[PDB]
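**Student:** generate a structure from the sequence data that follows.
(chains A, B and C, ligands or ions: 5)
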Amino acid sequence: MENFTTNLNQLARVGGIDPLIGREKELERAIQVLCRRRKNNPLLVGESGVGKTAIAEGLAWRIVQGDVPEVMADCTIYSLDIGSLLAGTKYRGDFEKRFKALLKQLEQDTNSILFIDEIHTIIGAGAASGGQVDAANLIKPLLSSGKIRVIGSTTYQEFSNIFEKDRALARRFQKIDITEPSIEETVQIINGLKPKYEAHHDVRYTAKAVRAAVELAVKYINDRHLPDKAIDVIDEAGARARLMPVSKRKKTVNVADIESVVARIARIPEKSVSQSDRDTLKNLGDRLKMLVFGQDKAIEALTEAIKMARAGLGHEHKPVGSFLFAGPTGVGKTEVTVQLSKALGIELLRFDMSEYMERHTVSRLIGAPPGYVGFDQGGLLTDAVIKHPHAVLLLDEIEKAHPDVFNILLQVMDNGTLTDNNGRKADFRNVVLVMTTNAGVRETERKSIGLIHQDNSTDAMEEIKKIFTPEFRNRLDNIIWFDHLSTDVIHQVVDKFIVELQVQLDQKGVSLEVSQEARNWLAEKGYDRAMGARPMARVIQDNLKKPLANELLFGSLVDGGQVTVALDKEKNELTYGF
Amino acid sequence: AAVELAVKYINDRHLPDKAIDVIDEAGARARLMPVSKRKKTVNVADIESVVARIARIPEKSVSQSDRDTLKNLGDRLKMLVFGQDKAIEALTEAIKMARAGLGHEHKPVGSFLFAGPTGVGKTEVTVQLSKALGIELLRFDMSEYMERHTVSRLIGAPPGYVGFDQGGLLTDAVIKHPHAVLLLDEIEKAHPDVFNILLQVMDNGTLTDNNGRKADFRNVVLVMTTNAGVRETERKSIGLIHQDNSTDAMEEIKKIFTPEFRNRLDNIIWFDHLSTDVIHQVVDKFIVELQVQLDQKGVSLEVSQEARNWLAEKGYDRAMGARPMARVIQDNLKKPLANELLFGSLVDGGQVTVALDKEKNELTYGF
Amino acid sequence: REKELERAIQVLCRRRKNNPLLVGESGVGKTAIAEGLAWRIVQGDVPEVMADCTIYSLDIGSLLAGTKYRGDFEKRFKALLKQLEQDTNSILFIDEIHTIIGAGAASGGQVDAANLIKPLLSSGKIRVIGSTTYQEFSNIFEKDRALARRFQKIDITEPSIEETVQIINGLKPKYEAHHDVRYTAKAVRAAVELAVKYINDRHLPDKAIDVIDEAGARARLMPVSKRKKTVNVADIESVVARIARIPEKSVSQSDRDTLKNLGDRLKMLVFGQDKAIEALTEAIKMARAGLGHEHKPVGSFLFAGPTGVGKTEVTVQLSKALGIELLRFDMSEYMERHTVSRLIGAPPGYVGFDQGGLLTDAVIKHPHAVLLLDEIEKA
Ligand SMILES: Nc1ncnc2c1ncn2[C@@H]1O[C@H](COP(=O)(O)OP(=O)(O)OP(=O)(O)O)[C@@H](O)[C@H]1O
Ligand SMILES: Nc1ncnc2c1ncn2[C@@H]1O[C@H](COP(=O)(O)OP(=O)(O)OP(=O)(O)O)[C@@H](O)[C@H]1O
Ligand SMILES: Nc1ncnc2c1ncn2[C@@H]1O[C@H](COP(=O)(O)OP(=O)(O)OP(=O)(O)O)[C@@H](O)[C@H]1O
Ligand SMILES: Nc1ncnc2c1ncn2[C@@H]1O[C@H](COP(=O)(O)OP(=O)(O)OP(=O)(O)O)[C@@H](O)[C@H]1O
Ligand SMILES: Nc1ncnc2c1ncn2[C@@H]1O[C@H](COP(=O)(O)OP(=O)(O)O)[C@@H](O)[C@H]1O
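**Tutor:** Residues are numbered from 1 along each chain as shown, chains lettered A, B, ... in the order given. Ligands and ions are numbered 1, 2, ... in the order given. Below, you will see the structure:
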C-alpha cells in the first residue's frame, strides 16, 4: 500500500481526478454491490472509453466531496499498480510475499477499497517455471469470504475472452454494464468538464461549440464512443486554438473551429466551402466539359451531387453520389469519371467488375469469413474505402460481374456503410459511387422489321431493368444514358488527341502542326458512329505516329524540330518534313 | 420468487450461488434504502427489480414513464411511417405483450418477416422503432452473407482456427445488448443455409457461439426485411383481367423459406404500395427534413401547398414506393438551393420562397 | 509535411491522450517524419511549445534483452517510464507501435508493454509518438480497442510530384557526399517522373529516392576506368529501365538497327503475310519511340485466318528476334467460364487462394514480354 497503489482520495483532495458527472444508476448499483455481505465486488464492464475508469475514480472523488450515502463515507479507494507490483519478483515467493502483505493490510483497514483497472490482466501474474500460483488464485479466497472489496473494469471483448475463462474468479464479481450515454448526457458531461480544459488550454468554449462537437462527433466519427470522442474533439480544439496565439489569437473557440477539428480528424471536406473551394466547385463543369466533349448532362449530374454534398444538402447517410453510366463503347463513360477524380484532386478507386464473374468472388471484395485461409487479408473494397474515405469509387462494367454481387452495392448505396469480415465498417458517405456499363447498347442497336420503324429509345431502359433488380435501381441517384458521339464531337476528340500527341512530341523536343483540312480529313476518315471515339485514336495513331515514329527513329527527326503535316486534294495525302 | 427468477433469467452462474446473490443484493438494496429510515422487509417486487437489474431485462413498469411511452408508441411511429399501419400495430402489440409479462416462454420479443415492394418503410419503421424505444439497433445486411460458409462470420470460427479469438458478430452484439431490436436486411439474399441459425434462435431464443457461450435473445425483437415475391405481385398477367398475385408472393416466400422457418415466425407482414395521399405525406416529411438541413445552415424555407402537390404528381411512382420522391425533391429544390448557398443569394441568409405557376409549372426562388 | 507536422504538434500539446499515431503506407516517410520533427526541434524550426523537447526512439529488442526472471522486464519498463515521467519534457517515439502489444510471459500472457502503458496514456501523463503501416494498424493495433483509443490517428499520405522533387533536392547533398557524384536538376525531375510512370510496387518518396541512390551508386561504379561524371538524365533512365526492362534513351545504340531490320529478320522466317509483320513492327516502333499509349499494352492484335499460315509461328519468331520471353497461353484449356480463376486466382477463403493467378504472376515476373493467346475462340 505504501508505493504499489495510489490513494484516489488523495487525488480528489488535490484535484487529480476529473469530476464524475451523472452516472446515477450505475454508481448507485456499484454502491449496492459494495454493500453485499459476500462477493461485494463490482465489475465495471462496458465499451472502451465510456467512463468505466471515470466512474471508478469519480466514486472516490465523490467520497472526498462527501456526496455519497452514509455507508461508503471515510472509505478510501486505491488503484492497484500491477506494473510496480511485479517489478522485483525475481526470486521465488517475492511476488506472493508482497501481494499477501498488501492483502492483509487491506484486510486490517476494513475501510479501503482496491480498484484494479483492467482487472482482466489478473489471470496471470507469474507462473515462471511454475503452475497457477499467481494473483489469479491468491485473490480468490478473500473475495468469497467478504473481507475485502475490489472494483474491476474491463471492456466487453477483454472480459469475454480472458476473464470469463476462469469461472471461479468470474462468479466472485458483480458484472455492471456501463452503457454509452445519449446526447444530452454527453453535452452535460462536457459542460461539467470543460472548465479544466479551458484552464489547461487558456481558451473559452461557447455552448453552441459544445453542442456542435457532440452532434458532429456522433454523425461523423464511427471509430470511438461518445463520452471520449466528444472530449477528444474538445481537447484537440483547445490545443489548436491554444497554438494560434503565436499570432495572439486569444479568443473563444467557436463552432467553426470545432468543425475544423472534426473535419481534420474524420478527413472530410467540411469547414464550409469558402476561399477557392468555391471557385473550384463553380467551374468544375467547365473543367470537365473542356476534357469530355458531349455527354454534358452526366457532368451536370456529377457536379450537382458534389455541390449538394459540399453545400450541406447531401443525404443523411449515403454516398455522395450513386450513378449508373450506361451507353455505347468509347463515349467517355470511364473518362469523365477519371477526369472528375483528377479535377477534384482526390483518390480514384477503380474496380474492374469483370474480375467478379463468379458469385463466390464477393469474399474478394469483403474478405473471407473467420477461420479460413484468406482471413488475414480483409476485403479489397472496404480496405480501400477505409484508407481513402474521401474518394471516387469507379466500378467498371458492372454488368460483367455475377448478378448476385450487386447486393453488396445494394447496402452500400442505401446506408453508405459496408462491413468487412472483421466487423469493421467502411464509410461511404464521402465517396461518389459511379458505375459504368454497356447494358442497353445491343438492344438499342437493333433493326426493326416491318414497314414502320418503331421508337427503340425505351429499350435501353428495358434492358437495364431486366439486368438490375428493382431495389438496386431504386437506390441509384440517376441513370445517365450516354449517347453516341456526333461529328463535331469527333472533331473535338481529334483535336484532343492531337494535343496529346503534341505533348508526347514535346517530351521528345519536336513540334507538330496539322493543317485544319488535315484534321477534317482525319475526322471524316476515322468516324464510326457505332464505335464512338476509339477509332479516332486508332486512325490518328496509324496516320501520324507511324510516319512520325519512322521519321524520328531513323534520323530525319532525331532531336528534330517542326513536323510539317498538311493535306493535298488529289490523293488526300499528308505532308511531312523537318 | 428469487429462486424461480434466478433460474429463469440468470444463466451465467449456478443455482446455489445465483439465489444467494439475488438475496444478498436485495438485502444490500433494502439496507441502502433507509437513508430516509425505510428499513423494510423484502417484498416480491424488490426481488423482481433486483433480478431484472441483474439479468439486464425490463421489469414490471405499468406505472412509470415507459408505460406512457408504450401507450403512445403506435402514434409516435405512425407520424413517421405513413400507411402500413398493421406492421406498426403488430410490433407495438408484441412489445406490449413482452413488457406486460404476458410474453413468450423463452422466445424473442417478436420474430417478424417484413415483405413487400421496395422503397416502402420496411427498414425505416424498424429504425424508427429502435429510436422510439431508445434501445440499441443491431443492423445486419444479409447480402454480406451470400456464401454458406459465412455462418462462421455470424457465430465465430470453431476452436483451433485462425478466426477463433474474434468470436461471432451476431452473438457478440446480442451479448452486448440483450434488450435491442435486431434488423436482418434482405435475408433472402443470404445463403439459404444461414436460415437454420435463425431457426434455432426463433424457436429457443438462445444461440451458442464458438466459445460455447450462449446468447440470450428473449429480450431482442427480431425483424427481417425482404423483397421476395415482389416480382410476381407486380408482374402483369396476360389477358383482359389481371389476377391478385399475392398467392404467388406466398408461393415464392414458401419456396425460399422452409416450412418450419415459416412456422417459427410471429407473423409475415405484407407491406403494400404507397397511395397518392401517402405520397403527399412523404413529400411533407422530406420537405421538413430538408428544412432542418437548411436551418443547420441558417436558411429558412417556405414551400407552397400547390408546389407540394406538383412535386407529388411529378414524383409519384407506384413501382418504386417513396424513394423517387427523394430524387424529385433533390433535383427540384436542392439544385437551385445548392447554387444559391454556394455562389448565390442564400449565403448566410434565407427567406427562400418556392411557388408554382400554372403556365409553366415552374418554381419561384430568391430572398 | 508542414500540415502533417502541425497536426502532430497540435496532438502532442493536448491534455488527454496526446499521443499522435503516424499511419501511412510503407516508404511514405513516417519514421522520417518523426525523426525530422526531432531534427527541426534541434534546429529550432518548431513552435515554442515543442522547443527544448527531446524525442527518444524506443528500442524493443534491448528492452526485452535478457528479461528472464519474471519482473526484470517489468522493473526495467517501469524504470524507463519513471525516468520519462520525471523528465516531463520528453516524447517517446515508438517506430513500430504494433509490436508493443506483446511482452512475453505467455503464461497468462496479459501483463505486456501495452497494458503497462495504458494508465500513463489515458491520464495525459506522458507524450508518445507512434508509427505503423495501414495493414499492421488495422490487423494488430486497432484490435486492442483500449490501446487504439489512447492514440490520435494521423494519416501520412503519399506526397505529390513536386513535393517529391523538393524532398530529393533537400536530400541530395548527403547522397552526393556518399557517392562523390552530383545530380542535375533535370536528372532529378526525370527520376521522379520515370519512377511514377514505370515503378509500380513502392510509393513516391521511397522509390524516386531509390532511383537517385541507385544511380549514384552505379555512377560510383563507373570510375573503374575513372569515368568521373555527374548523374545526367541518361543514367537515371538506365536505372529506371533496369526495373522497367525497356530503356527509352538507349535506342541511340544498335537497338535502332534491331528495330530497322526487324521486319526483314521476320520476313526471312515468315513468308507472305507481310501485313502482320508490318503491323507488329509499327506498333513496337511507336512504343519504343515514345509515341505509344501511356496506359495500354504495346499492342493488342487479333490474328485470324486459315490454319498453318504462320499465326503462331510469327509470334514465336518475334519473341526470338526481340530477345523477350513468350508468355504463351492456350485458350483451349480455358474453355469453361470458371477457369478464369486459373488466370487471376481464387477468392480468399478458397482452396487455391495462396497460389495466385497464372497470368498475372507470369506478367509480374516478366514485365517485358509478348503475350500469346493461342486459339482464343476456344476460351
Ligand atoms: N463520467 C465521466 N465524466 C467525465 N469524463 C468521462 C466520464 N466517463 C468517461 N469519461 C472520459 O473518458 C476517459 C476515461 O475513460 P474510461 O476510464 O471511462 O475508459 P477506459 O477505462 O479507458 O476503458 P479501456 O480500459 O477499455 O480503455 C476520460 O478521459 C474522460 O474524459
Ligand atoms: N466525350 C469524350 N471526349 C473525349 N474523349 C472521349 C470521349 N468519349 C470517349 N473518349 C475516348 O475514349 C477513351 C475512354 O473511353 P471510355 O472509357 O469513356 O469508354 P466507355 O464508355 O467506358 O466504353 P466501354 O465501357 O465499352 O469501354 C478516352 O481515351 C477518350 O480519348
Ligand atoms: N412508409 C414510408 N414513409 C416514409 N418514407 C419511406 C416509407 N417507406 C420508404 N420510405 C423511404 O425509403 C427509405 C428507406 O428505404 P428502405 O430501406 O425501407 O427500402 P427497402 O424496403 O429495403 O427496399 P429494398 O429492400 O427493395 O431496397 C427512407 O429514406 C424513406 O425516405
Ligand atoms: N520528410 C522527408 N524528407 C526527406 N526524406 C524522407 C522524408 N520522409 C522519408 N524520407 C525518406 O525515407 C527514408 C526513411 O524512411 P521513413 O522513416 O520515412 O519510413 P520508414 O521508417 O521506412 O517506415 P517503417 O518504419 O514503417 O518502415 C529516408 O531514407 C528518407 O530518404
Ligand atoms: N507464313 C508462314 N511462313 C513460314 N512458316 C509457316 C507459315 N505459316 C505456318 N508456318 C509453319 O507451320 C507451323 C504452324 O504455324 P502456326 O502459325 O503455329 O499455325 P496456326 O496458325 O494454326 O497456329 C509453324 O511451325 C510454322 O513453321
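**Student:** neighbours around residue A:562, how many?
**Tutor:** 12 (other C-beta atoms under 10 Å in any protein chain shown). The C-beta positions use only the backbone N, C-alpha and C, and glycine is treated the same way.
**Student:** could you check how far it is from residue A:540?
**Tutor:** Using C-beta to C-beta, to the nearest Å, we find residue A:562 at a distance of 19 Å from residue A:540.
**Student:** and residue A:206, by the same measure?
**Tutor:** 62 Å.
**Student:** looking at these two, which is more packed in?
**Tutor:** It is residue A:540, of residue A:206 and residue A:540, that has more neighbours when counted by other C-beta under 10 Å, with 22 against 14.
**Student:** so which bits of the host helix or strand of that one are buried?
**Tutor:** Element membership for residue A:540 (DSSP states H and E) is helix A:534-540. Residues A:535-537, A:539-540 are the ones in helix A:534-540 that count as buried (16 or more other C-beta atoms under 10 Å in any protein chain shown).
**Student:** for stretch A:284-302, same thing?
**Tutor:** In stretch A:284-302, counting by 16+ other C-beta under 10 Å, buried: A:284-285, A:287-289, A:291-295, A:298-299, A:301-302.
**Student:** next, count neighbours for the residue of the stretch 1-150 of chain A found nearest chain B.
**Tutor:** Closest residue of the stretch 1-150 of chain A to chain B, C-beta to the nearest C-beta: residue A:35 (3.9 Å). By other C-beta under 10 Å, 19 other residues sit near residue A:35.
**Student:** ok, residue A:214 next?
**Tutor:** 24.
**Student:** ok, the helix or strand hosting it near chain B or not?
**Tutor:** Applying DSSP H and E as the criterion places residue A:214 in helix A:207-220. No: using C-beta under 8 Å from any C-beta of the partner chain, helix A:207-220 stays clear of chain B, with a minimum separation of 9.4 Å.
**Student:** and the closest residue to chain C within the stretch 51-200 of chain A, helix, strand or coil?
**Tutor:** Taking C-beta to the nearest C-beta as the measure, the point where the stretch 51-200 of chain A comes nearest chain C is residue A:124, at 1.4 Å. Following DSSP: H, G, I helix; E, B strand; the rest coil, the label given to residue A:124 is coil.
**Student:** what about it, how many neighbours?
**Tutor:** Neighbour number of residue A:124 under other C-beta under 10 Å is 18.
**Student:** give me the nearest residue to it, chain neighbours excluded.
**Tutor:** Of all residues not flanking residue A:124 in the chain, residue C:108 sits nearest, at 1.4 Å (C-beta to C-beta, 6 or more residues apart in numbering or on different chains).
**Student:** is it true that the one you found touches residue A:135?
**Tutor:** No: counting by C-beta atoms under 8 Å, residue A:135 is not a contact partner of residue C:108; they are 9.3 Å apart.
**Student:** what do the two both touch?
**Tutor:** A:124-126 (C-beta atoms under 8 Å, 6 or more residues apart in numbering or on different chains).
**Student:** okay, residue A:355 and ligand 5: tell me how far apart.
**Tutor:** 28 Å (C-beta to the nearest ligand atom, to the nearest Å).
**Student:** neighbours around that residue, how many?
**Tutor:** What residue A:355 shows, counting by other C-beta under 10 Å, is a neighbour count of 19.
**Student:** need the contact list for it.
**Tutor:** A:361, A:364, C:344.
**Student:** could you do residue A:427 as well?
**Tutor:** Going by C-beta under 8 Å, 6+ apart, residue A:427 touches A:222, A:385-386, A:389, A:416-417.
**Student:** identify the residues contacting the one helix or strand residue A:116 maps to?
**Tutor:** Here residue A:116, judged by DSSP H and E, is contained in strand A:113-117. Contacts to strand A:113-117, defined as C-beta under 8 Å, 6+ apart, come from residues A:5, A:8, A:34, A:53, A:56-57, A:60, A:75-80, A:82, A:106, A:122, A:148-153, C:119.
**Student:** out of the residues you listed, which sit inside strands?
**Tutor:** Mapping the contacts of strand A:113-117 onto strands (DSSP state E) picks out A:5, A:77-80, A:150-153.
**Student:** out of those, which is nearest to ligand 4?
**Tutor:** Nearest to ligand 4 among the ones in strands among the contacts of strand A:113-117: residue A:153, at 33.2 Å, using C-beta to the nearest ligand atom.
**Student:** separation between the closest one and ligand 1?
**Tutor:** 6 Å.
**Student:** show me the contacts for that residue.
**Tutor:** By C-beta under 8 Å, 6+ apart, the neighbours of residue A:153 are A:43-45, A:52-53, A:56, A:115-119.
**Student:** quick one, what contacts the residue of the stretch 251-400 of chain A at minimum distance from ligand 5?
**Tutor:** Of all residues in the stretch 251-400 of chain A, the one sitting closest to ligand 5 is residue A:354 (26.8 Å; C-beta to the nearest ligand atom). Going by C-beta under 8 Å, 6+ apart, residue A:354 touches A:396-397, A:400-401.
**Student:** of the residues you listed, select the buried ones using a ChimeraX command.
**Tutor:** To isolate the buried ones among those in ChimeraX, judged by 16+ other C-beta under 10 Å, type:
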select /A:396,397,401
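**Student:** so residue A:462 touches residue A:442, yeah?
**Tutor:** No: between residue A:462 and residue A:442 there is no contact under C-beta under 8 Å: 11.8 Å.
**Student:** could you dump the contacts of residue A:427 to TSV with distance to ligand 5?
**Tutor:** What follows is the contacts of residue A:427, written out as TSV (distance: C-beta to the nearest ligand atom, whole Å):
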residue	distance to ligand 5
A:222	58
A:385	45
A:386	48
A:389	51
A:416	52
A:417	52
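**Student:** among these, name the ones in helices.
**Tutor:** A:385-386 (DSSP state H).
**Student:** which one of the contacts of residue A:427 is nearest to chain B?
**Tutor:** Of the contacts of residue A:427, the one sitting nearest to chain B (C-beta to the nearest C-beta) turns out to be residue A:417, at 8.5 Å.
**Student:** just list whatever residues bridge to that closest one.
**Tutor:** residue A:427 (DSSP bridges).
**Student:** kindly export stretch A:266-284 (C-alpha atoms) in CSV.
**Tutor:** What follows is stretch A:266-284, C-alpha atoms only, in CSV (Å, rounded to 0.1, in the frame of the first residue of the first chain):
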residue,chain,number,x,y,z
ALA,A,266,-12.6,12.4,-39.9
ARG,A,267,-10.9,13.5,-43.1
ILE,A,268,-14.0,15.1,-44.7
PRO,A,269,-14.4,18.1,-46.9
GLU,A,270,-16.1,20.3,-44.3
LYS,A,271,-15.5,23.9,-43.0
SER,A,272,-18.0,25.2,-45.4
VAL,A,273,-16.8,25.7,-49.0
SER,A,274,-15.0,29.1,-48.7
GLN,A,275,-11.8,30.5,-50.1
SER,A,276,-11.4,28.9,-53.6
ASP,A,277,-13.1,25.7,-52.7
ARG,A,278,-16.0,27.7,-54.1
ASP,A,279,-14.1,28.6,-57.2
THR,A,280,-13.2,25.0,-57.9
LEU,A,281,-16.7,23.8,-57.4
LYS,A,282,-18.0,26.7,-59.5
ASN,A,283,-16.2,26.0,-62.8
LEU,A,284,-15.9,22.2,-62.3
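**Student:** which parts of it are buried?
**Tutor:** For stretch A:266-284, the buried set under the neighbour-count rule, 16+ other C-beta under 10 Å, comprises A:266-270, A:272-273, A:281-282, A:284.
**Student:** tell me the one of these nearest ligand 3?
**Tutor:** Nearest to ligand 3 among those, with distances taken as C-beta to the nearest ligand atom, is residue A:268, at 21.6 Å.
**Student:** what's near enough to touch the closest one?
**Tutor:** A:220, A:262, A:389-390, A:430.
**Student:** next, the contact list for residue A:243, please.
**Tutor:** Taking C-beta under 8 Å, 6+ apart, one finds C:9-10, C:13, C:47, C:49 in contact with residue A:243.
**Student:** interface residues of chain A facing ligand 1?
**Tutor:** By C-beta under 6 Å from any ligand atom, the residues of chain A that approach ligand 1 are A:18, A:20-21, A:23, A:48-54, A:58, A:118, A:153, A:155, A:189, A:193, A:227-228, A:231.
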